[PDB]
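A short write-up of the structure that comes next.
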Amino acid sequence: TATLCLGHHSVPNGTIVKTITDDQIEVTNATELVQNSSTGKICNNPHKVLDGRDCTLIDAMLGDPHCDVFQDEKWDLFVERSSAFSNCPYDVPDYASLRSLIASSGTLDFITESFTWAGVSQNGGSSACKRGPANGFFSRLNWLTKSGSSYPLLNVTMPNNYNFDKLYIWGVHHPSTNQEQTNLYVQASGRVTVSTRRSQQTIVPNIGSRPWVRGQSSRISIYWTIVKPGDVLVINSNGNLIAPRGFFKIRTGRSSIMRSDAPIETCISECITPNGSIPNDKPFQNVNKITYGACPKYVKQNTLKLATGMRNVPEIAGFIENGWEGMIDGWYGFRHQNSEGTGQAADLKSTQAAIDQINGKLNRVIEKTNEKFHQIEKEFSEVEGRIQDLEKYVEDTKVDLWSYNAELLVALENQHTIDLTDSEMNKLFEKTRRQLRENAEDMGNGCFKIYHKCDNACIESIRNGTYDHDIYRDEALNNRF
Amino acid sequence: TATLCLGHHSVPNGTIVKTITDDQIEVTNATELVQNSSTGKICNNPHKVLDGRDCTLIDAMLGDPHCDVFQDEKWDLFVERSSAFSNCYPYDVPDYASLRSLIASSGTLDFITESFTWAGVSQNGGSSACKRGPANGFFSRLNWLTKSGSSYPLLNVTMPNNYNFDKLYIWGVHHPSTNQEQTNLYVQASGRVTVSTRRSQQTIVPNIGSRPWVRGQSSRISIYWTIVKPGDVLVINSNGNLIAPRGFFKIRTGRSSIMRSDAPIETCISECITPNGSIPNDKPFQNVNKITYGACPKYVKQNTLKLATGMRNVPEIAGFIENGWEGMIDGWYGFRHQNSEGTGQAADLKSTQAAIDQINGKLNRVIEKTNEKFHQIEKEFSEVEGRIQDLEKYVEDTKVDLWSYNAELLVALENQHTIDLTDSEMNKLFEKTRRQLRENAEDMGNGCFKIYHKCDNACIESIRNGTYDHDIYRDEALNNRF
Amino acid sequence: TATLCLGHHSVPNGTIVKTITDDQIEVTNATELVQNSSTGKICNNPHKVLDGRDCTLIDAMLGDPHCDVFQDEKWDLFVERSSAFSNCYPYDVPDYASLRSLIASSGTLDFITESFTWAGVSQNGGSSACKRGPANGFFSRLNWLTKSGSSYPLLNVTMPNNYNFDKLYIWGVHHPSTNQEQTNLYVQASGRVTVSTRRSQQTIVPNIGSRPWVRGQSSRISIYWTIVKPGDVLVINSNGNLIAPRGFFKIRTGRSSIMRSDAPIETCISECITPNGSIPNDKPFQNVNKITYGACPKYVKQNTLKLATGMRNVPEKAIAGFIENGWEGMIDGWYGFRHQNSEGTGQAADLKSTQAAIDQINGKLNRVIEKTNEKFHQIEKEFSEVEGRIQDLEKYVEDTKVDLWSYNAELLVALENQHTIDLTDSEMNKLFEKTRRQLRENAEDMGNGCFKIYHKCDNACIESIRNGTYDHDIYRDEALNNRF
Ligand SMILES: *[C@@H]1O[C@H](CO)[C@@H](O[C@@H]2O[C@H](CO)[C@@H](O[C@@H]3O[C@H](CO[C@H]4O[C@H](CO)[C@@H](O)[C@H](O)[C@@H]4O)[C@@H](O)[C@H](O[C@H]4O[C@H](CO)[C@@H](O)[C@H](O)[C@@H]4O)[C@@H]3O)[C@H](O)[C@H]2NC(C)=O)[C@H](O)[C@H]1NC(C)=O
Ligand SMILES: *[C@@H]1O[C@H](CO)[C@@H](O[C@@H]2O[C@H](CO)[C@@H](O[C@@H]3O[C@H](CO[C@H]4O[C@H](CO)[C@@H](O)[C@H](O)[C@@H]4O)[C@@H](O)[C@H](O[C@H]4O[C@H](CO)[C@@H](O)[C@H](O)[C@@H]4O)[C@@H]3O)[C@H](O)[C@H]2NC(C)=O)[C@H](O)[C@H]1NC(C)=O
Ligand SMILES: *[C@@H]1O[C@H](CO)[C@@H](O[C@@H]2O[C@H](CO)[C@@H](O[C@@H]3O[C@H](CO[C@H]4O[C@H](CO)[C@@H](O)[C@H](O)[C@@H]4O)[C@@H](O)[C@H](O[C@H]4O[C@H](CO)[C@@H](O)[C@H](O)[C@@H]4O)[C@@H]3O)[C@H](O)[C@H]2NC(C)=O)[C@H](O)[C@H]1NC(C)=O
Ligand SMILES: CC(=O)N[C@H]1[C@H]([C@H](O)[C@H](O)CO)O[C@@](O[C@@H]2[C@@H](O)[C@H](O)O[C@H](CO)[C@@H]2O)(C(=O)O)C[C@@H]1O
Ligand SMILES: CC(=O)N[C@H]1[C@H]([C@H](O)[C@H](O)CO)O[C@@](O[C@@H]2[C@@H](O)[C@H](O)O[C@H](CO)[C@@H]2O)(C(=O)O)C[C@@H]1O
Ligand SMILES: CC(=O)N[C@H]1[C@H]([C@H](O)[C@H](O)CO)O[C@@](O[C@@H]2[C@@H](O)[C@H](O)O[C@H](CO)[C@@H]2O)(C(=O)O)C[C@@H]1O
Ligand SMILES: *[C@@H]1O[C@H](CO)[C@@H](O[C@@H]2O[C@H](CO)[C@@H](O)[C@H](O)[C@H]2NC(C)=O)[C@H](O)[C@H]1NC(C)=O
Ligand SMILES: *[C@@H]1O[C@H](CO)[C@@H](O[C@@H]2O[C@H](CO)[C@@H](O)[C@H](O)[C@H]2NC(C)=O)[C@H](O)[C@H]1NC(C)=O
Ligand SMILES: *[C@@H]1O[C@H](CO)[C@@H](O[C@@H]2O[C@H](CO)[C@@H](O)[C@H](O)[C@H]2NC(C)=O)[C@H](O)[C@H]1NC(C)=O
Ligand SMILES: *[C@@H]1O[C@H](CO)[C@@H](O)[C@H](O)[C@H]1NC(C)=O
Ligand SMILES: *[C@@H]1O[C@H](CO)[C@@H](O)[C@H](O)[C@H]1NC(C)=O
Ligand SMILES: *[C@@H]1O[C@H](CO)[C@@H](O)[C@H](O)[C@H]1NC(C)=O
């Protein structure tokens, strides 16, 4: 007689995963699906990262004297440090919109235009904004005051004869007293009107004392205007006008701005976070919900294990609640007890089928990467109300939905992996049973008892699939009965 | 002796779908789940579609002379063309999008005239920039009041809401270009308009200054609106620069909206409208446009998604073990028998019907029929604004990504389950057939049986029907086997 | 000879569930996953609920005379009733919703009085529209400054922030109805109010004009607010039309919110609060309201979702097995054996298969979906007036969220039902296959889920088969002789 047993491998150390029907199940192999660490540095490749050391984007746009190294710059990502400061006092109504559009433009290209201001004096300065040892001002703005003892009505025009949009930055000066207002501007109540063929803005200055900032009790408000090709710009002013010196060329692209204190190093990475660059070889990440580039999706979980092997079962006997830790050639194989001696082999068909069905399984459902460049703000330092609440709500909803998606996907994939491995083992056992028609009996433990003399060539023929039952039919029948 | 095999059908040409464990598997039949084309026309049934032609909704509401055919109009969807223009006095609307959305969602342009009394001022002002034929004109729903004689008295009027519906009032403020013009039109050197109710107020101070010429005018007019709830009162107080209203608009709650499109409108029936045109809604997903009106499929980024309908296509007596039957056209599963009389073939109705019933209506168990949406947010912009536009784009992008993921995962899961159920059906039929033949037959290794007793056509039909009796032939089969 | 059968239990009354491959399938047990009812009452534990009664949050903050009981109050949820009204000077708040949300999220009404000096003006002005008992009054947290004698000097005051917490200041501007009233109350013919810090500024010019009478007044007051960070300074500059502040509000960070409801408040314990009332959170989904506070189930559009708990239900039709036949007489377990012998029929139960099925079924839904989500302050979801862009965006966001979560719930229920049915069927088949494996050549299956054994198999034999210590070599010769 002879014995033939079928089984599967085992490893000394398994990994616990979670499926649809099991809280904890041990498998031979698993992989991590969530990235939860960073090196703390920002790669300067392949994206173009511009470090604004002590300057904000608005300050560099306006022309702060200590921000003059940023003139005519361009970037893919602008990094704003927490140690930035202003050294020139002003306020911007709707600051966030201007900051966002300047960041999304991706450039600081400024073209000077020849404005004519007749009857007034130009190039005013203050001691609060020093350009060297002398008084200065913003380099992209012009402070106009009275000439002699008169301040006439200003009325200038400039058409857009190009084929791209223009961006104009202008301002209004708010004095602190009526005496100062009349001293700088002869009229007791100024007025600034800037309009195009389709839009208009009129600002009336406000007079009143304010806290001293670098020695000044007055302020300046900043406004902007966009002129389409074929349109025209008209500026009408009675006083308190901070005239523009030109226009900014505005483009459309994939630029943005980020707040971070991580240093920038010479390295390559496609994903940038405020914590630093992270690899994008995993479908999910847990570092930061603020990202730039090709980045994994953000989830609330810190670990998600995906099974890449069959069950780990501790240990002649077959595969019925028994693993073979002595198998290193393949996933499934045969063991036989013969007159010549015991032997072991491996089956390549089932092993390769399982490997093919396992490899690349996650790519069939979830896409590889998503490239997002400019998005909404997700951290705030001041309380505002309605819009901030809406933004926070949207971000929270997105995060919760994606976390649920990740959890369900991982559970389903683990369940299907376990099912396919079990099906492969059972199919191999059933094929082996079907090949031996009447010459063998099932021993009850995944093994077969062959009732005729089956030598090594016989076992090899059984394993190959070229076994003939008619050769040993009568001998097996005589032995069985 | 005899032979009884089991098998399944196959087709000369199959389709490749994707499952959970397979990236490409061939099946006998599949259907497309994504709609990706349109005819370029807009159906005027069953929704009421109003063509704006050369007019916008705001211009038609104000009373533009070339938009006078749109007075007292009704619509379910308003279509705005890119060739629309303005031909009246230049104006601007602060928060234009909010008023446009309000008027579009109201769904009607019904106007009721009221008896306003303006004592001491001139009425019915006009300009050469807004012509009613050969003579000067103005917006038909607004009244331009200027000085009478040499005085402009203080205007203070009231109007109560004694109905049971909301009232919408449209008024304006005139911004002159020079101080001399301001003094000439209105005696006072600084005008002021105050419009208020018992719960809200608005005060506007005009701005004097030159502006680019538009149809010969360097002055502008700003447009404002006020809503008066039932039982409330409206008070208008002014001393210059008032563009008075002539009445109120009825404002309703409904399912109306507005769209920007250039597709023509033709006689046809469709429940879904896109800027590209009308599309059928028989499929659960679409790829034409993310701007939709009516009962429409969900927008996904995928161009195609195939759902499996049949079984695995296996190319071609032998059984079902890696062998499909090309010559079978009468069913999905059946029998082939080899006998002394000759060969034959049949089909199994029960297993085929079970598989068909399981397959039929498979996708309706999860996805709702249709999502009918009428008024939504704007999804395309022609000018950069900032915060709110970014928020809207972010919301739309998140929605699109989530629904694309849902569609992909669902299609993969359904294909996997269809393949599994069909394989289980075939294996169950074979197992039952083996179960009937207790000891008179044994499996030959290729999904087919070898019978050791003389089993004729009546015998084969008895086996197929499920009424086979092994006791009659047991002794002969046992003698043949041993 | 002896007969051995395998089968499963069934119940007289079943319940219908929905799976991936079946529209309507009957099982032995199921549970409801959607909470669609409420008691109509709000529990005051464990959250601190503050009833607004006839006052709103803004009215309580300003100092309305009939809202004077809400001074220095704290809350976790503020409940605003539909019967609230105002009984003081008419006013309007530009961007009212932002201030309401700010005060609701702050969670307290703590007020600290500060010593402002207003030189050359008369303080503590009142009106007949706001009565403190028999006499004329005003808001308790605001100061109405008017001319003293025949002059109104320019006011310029400062107040530094020397603490380590943010300050909130509430002030206002008065809008007269006539120029004569403007001149009588304030000497200057045009007022101006400037309030600023080192990083912000606000200037308001009053409006003049008649308005509808509210409690005898055709004038209004506009409300503005300012926040001062630690180390900053506040400056107020004005020459008329100023409603001065009396101090600052302590502003905090926390998990407080506000809700509009008309449900009464009783003594009970509940972790979730809805405008309909409190609901239990023992289910993953609910259908009551999309406005919630606390640990609440997710909101879905469906009103019922049944999760299968048992196996398929098959009516019971010489003993028979599990092939299209249930056992209504089995109450000892899920799977078992039935044997007919010469001594008589017998029945038993199998514990391992039943225990495995129960352990797989138990706790199945906790593996994918989280228990509860704690949300405290969110966006508004109901509006009493039409506004335009922002309201449309909020409605769109809420509708998208609801649709996505409803789809998730439906798909999850269907998948779980399918897997439960599959696991029960697999367990029964595995038990039958093991029973076949034990009897190698001594019996053959009859096809109805039963084995009939050729040798003599008594109670010891049947018990050995059930346990698993059955030996086939003992009866092999007798079985072979009987079969052939
Ligand atoms: C309306 O009300 C506001 C606020 O109440 C007033 O604003 C104040 O204006 C005064 C000037 O009139 C400001 O005083 C100035 O402060 C400067 C900064 O002081 C800070 O820094 C120094 C050094 O670091 C510290 O010692 C000090 O404590 C502060 O922390 C000083 O540098 C100025 O000095 C100048 O004047 C002195 C006078 O002796 C000279 O000796 C000096 O050489 C120098 O010339 C000056 O003292 C004050 O800071 C303002 N306060 C605020 C909050 O802004 C308005 O003046 C008031 N308007 C009217 C019309 O009344
Ligand atoms: C403040 O600054 C602004 C802009 O700098 C000034 O606005 C300009 O005002 C002048 C008039 O004062 C405008 O000139 C007018 O332009 C009309 C349109 O011009 C277009 O069309 C004509 C004909 O097709 C073309 O030839 C031309 O190139 C343009 O393409 C003309 O139709 C007007 O014609 C009138 O004047 C002529 C003079 O010869 C007469 O013969 C005509 O019959 C007719 O009466 C006129 O020329 C100019 O367009 C305005 N510019 C802008 C940008 O709007 C303000 O006037 C100024 N304010 C002060 C107080 O100085
Ligand atoms: C600009 O235009 C507006 C609106 O047209 C005017 O506002 C009106 O001003 C008048 C003048 O005061 C107001 O009249 C007063 O109304 C009070 C309330 O009346 C309501 O309530 C009573 C009782 O509940 C009802 O019977 C009545 O129908 C109203 O529903 C009255 O109580 C006042 O009575 C006083 O005067 C009478 C005079 O005989 C005395 O007998 C009384 O004892 C008492 O002293 C008074 O009649 C009117 O309410 C205002 N309407 C609105 C809508 O605001 C502005 O006045 C106007 N401005 C200018 C400069 O012209
Ligand atoms: C363009 C201009 O007028 N520049 C002035 C500037 C302004 O007058 C002021 O900042 C606007 O509010 O002020 C400068 O400072 C002045 C002192 O030099 C002078 O002694 O006193 C003035 C006040 O009475 C004023 O502070 C400055 O800021 O440097 C002078 C500069 O030319
Ligand atoms: C209601 C009214 O006053 N209408 C005027 C109109 C206005 O005066 C003006 O548009 C407001 O800015 O202007 C009209 O045009 C005028 C010419 O006819 C006149 O020769 O010159 C005027 C300038 O000095 C003015 O342009 C118009 O727009 O048709 C006349 C109309 O009655
Ligand atoms: C702080 C103050 O001035 N308070 C006045 C108040 C105001 O004058 C008014 O409400 C602001 O618009 O008005 C009071 O009412 C007055 C009557 O008592 C008086 O007979 O007539 C006045 C009109 O000419 C005015 O209505 C009030 O509202 O009680 C008096 C209060 O001291
Ligand atoms: C990445 O940086 C963020 C900073 O935004 C870290 O999140 C903060 O972590 C600290 C310390 O636990 C908390 O006190 C803050 O509340 C967190 N902020 C937010 C917005 O969550 C985060 O821990 C960092 N992650 C890694 C891996 O370095
Ligand atoms: C329906 O119309 C839209 C117009 O928005 C088409 O989308 C544009 O397609 C062109 C050509 O590929 C692109 O260059 C644009 O970028 C697309 N615009 C947007 C906003 O996506 C769309 O292709 C049309 N679809 C059909 C089926 O005609
Ligand atoms: C909980 O209260 C809400 C209040 O909005 C109820 O929803 C309204 O129910 C009425 C009556 O059927 C409808 O006419 C409204 O259209 C509903 N409003 C909304 C926004 O859906 C809700 O039915 C209540 N729930 C329970 C269980 O009583
Ligand atoms: C486990 O799987 C990973 C990839 O999924 C593979 O690289 C690794 O070799 C596997 N483990 C073993 C022991 O082969
Ligand atoms: C393929 O399936 C569709 C159902 O989507 C059916 O209408 C069609 O008849 C099927 N094809 C064949 C050849 O049966
Ligand atoms: C059905 O299941 C519930 C819990 O899921 C349990 O409380 C109940 O007893 C079960 N019903 C029966 C008849 O076992």
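Within every chain, numbering begins at 1; the chains are lettered A, B, ... in the order of the sequence lines, protein sequences first and strands thereafter. Computed from heavy atoms alone, side chains included, the values below leave out hydrogens, waters and symmetry copies. Remember, it's 1-based here, ligands and their atoms both numbered in the order they're listed.
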Protein heavy atom at shortest distance from atom 5 (O) of ligand 9 = C:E382 OE2, 3.9 Å

inquiry  = If you define the side chain from C-beta out and look only at heavy atoms, does anything of C:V79 sit under 4.5 Å from C:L50?
reply    = no

key: Inter-residue atom distance C:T292.OG1 - C:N281.CG, 0.5 Å rounding   = 11.0 Å

message = Any protein heavy atom at under 4.0 Å, with atom 28 (O) of ligand 4 as the reference point?
response = yes

note = On a heavy-atom basis, the closest approach of C:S261 and C:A263 is OG-N, 3.2 Å

inquiry  = Check this for me: does any side-chain nitrogen of one of C:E26 and C:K18 sit under 4.0 Å from a carboxylate oxygen of the other?
reply    = no

message = I need the nearest protein heavy-atom contact for atom 7 (C) of ligand 4: residue, atom name and distance, please.
response = A:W143 CH2, 4.3 Å

request  = Check whether any side-chain heavy atom of C:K41 sits under 4.5 Å from a side-chain heavy atom of C:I265, and report yes or no.
outcome  = no

inquiry  = Please determine whether the number of non-hydrogen atoms from other residues, nucleotides or ligands lying under 6.0 Å from atom NZ of C:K381 exceeds 12.
reply    = yes

message = Nearest non-hydrogen contact with atom 5 (C) of ligand 4 belongs to which option: A:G125, A:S126, A:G124?
response = A:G125

Nearest protein heavy atom under 4.0 Å from atom 15 (O) of ligand 4, yes or no = no

task = Can you pull out the closest protein heavy atom to atom 28 (O) of ligand 9? Residue, atom name and distance to 0.1 Å, please.
result = C:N276 ND2, 3.5 Å

inquiry  = Does this structure show an ion pair linking C:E410 with C:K301, if we count only N-O contacts that are shorter than 4.0 Å?
reply    = no

query = Does atom 21 (O) of ligand 9 have a protein heavy-atom neighbour under 4.0 Å away?
reply = no

ask   = Charged N to carboxylate O below 4.0 Å: is that the case for C:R367 and A:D23?
value = yes

ask   = Is any heavy atom of the protein nearer than 4.0 Å to atom 17 (C) of ligand 9?
value = no

request  = Taking atom 8 (C) of ligand 9 as the reference point, report whether a protein heavy atom occurs under 4.0 Å from it.
outcome  = no

key: Contact bool for atom 25 (N) of ligand 9 (protein heavy atom, d < 4.0 Å)   = yes

request  = Could you pull out, from A:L144, A:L184, A:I220, A:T177, the option with a heavy atom nearest to atom 3 (O) of ligand 4?
outcome  = A:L184

inquiry  = Using heavy atoms and a 4.0 Å limit, tell me yes or no: is A:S218 in contact with ligand 4?
reply    = yes

query = Should you measure from each heavy atom of C:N289, which atoms of ligand 9 turn up under 4.0 Å away?
reply = 1 (C), 2 (O), 3 (C)

message = Looking at B:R252 and B:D166, is any side-chain nitrogen of the basic one under 4.0 Å from a carboxylate oxygen of the acidic one?
response = no

query = Mind checking whether A:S86 and A:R214 have side chains closer than 4.5 Å, heavy atoms only?
reply = yes

message = Protein heavy atoms near atom 31 (C) of ligand 4, is at least one of them under 4.0 angstrom away?
response = yes

task = State yes or no: are the ring centers of C:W405 and C:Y407 separated by less than 6.0 Å?
result = no

task = Please name the pair of heavy atoms, one in A:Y393 and one in C:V397, separated by the smallest distance, quoted to 0.1 Å.
result = CD2-CG1, 4.0 Å

ask   = With the threshold set at 4.0 Å, does a side-chain nitrogen-carboxylate oxygen contact exist between C:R199 and A:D91?
value = no

key: Protein contact to atom 12 (O) of ligand 4 [nearest heavy atom, distance to 0.1 Å]   = A:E180 OE2, 2.2 Å

task = Kindly confirm or rule out an N or O of C:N36 lying under 3.5 angstrom from an N or O of ligand 9.
result = no

Centroid-centroid distance, C:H9 to C:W327, less than 6.0 Å = no

key: With A:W143 via ring-ring contact (aromatic ring centres under 6.0 Å, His included) - residues at least two apart   = A:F137, A:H173

inquiry  = Please report whether atom 20 (O) of ligand 4 has a protein non-hydrogen atom at a separation of less than 4.0 Å.
reply    = no

Quick check for students: name every N or O atom pair between ligand 12 and the protein closer than 3.5 Å, with distances.
unit_1: ligand 12; atom_1: 2 (O); unit_2: C:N29; atom_2: ND2; d: 2.4
unit_1: ligand 12; atom_1: 11 (N); unit_2: C:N29; atom_2: OD1; d: 3.4
unit_1: ligand 12; atom_1: 11 (N); unit_2: C:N29; atom_2: ND2; d: 2.9

request  = Please check if a non-hydrogen protein atom sits closer than 4.0 Å to atom 24 (O) of ligand 4.
outcome  = no

request  = Just jot down the ligand 4 atoms closer than 4.0 angstrom to any heavy atom of A:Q216, in number order.
outcome  = 10 (O), 28 (O)

inquiry  = For C:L365, is the CG atom crowded, meaning more than 12 foreign heavy atoms sit under 6.0 Å from it?
reply    = yes

inquiry  = I'd like to check which ligand 9 atoms, numbered from 1 as shown, lie under 4.0 Å from a non-hydrogen atom of C:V288.
reply    = 1 (C), 25 (N)

ask   = At a 4.0 Å threshold, what atoms of ligand 4 neighbour a non-hydrogen atom of A:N135?
value = 29 (O)

ask   = Does an N or O from A:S127, backbone or side chain, lie closer than 3.5 Å to an N or O of ligand 4?
value = yes

ask   = Is the distance between the ring centroids of C:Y293 and C:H377 under 6.0 Å?
value = no

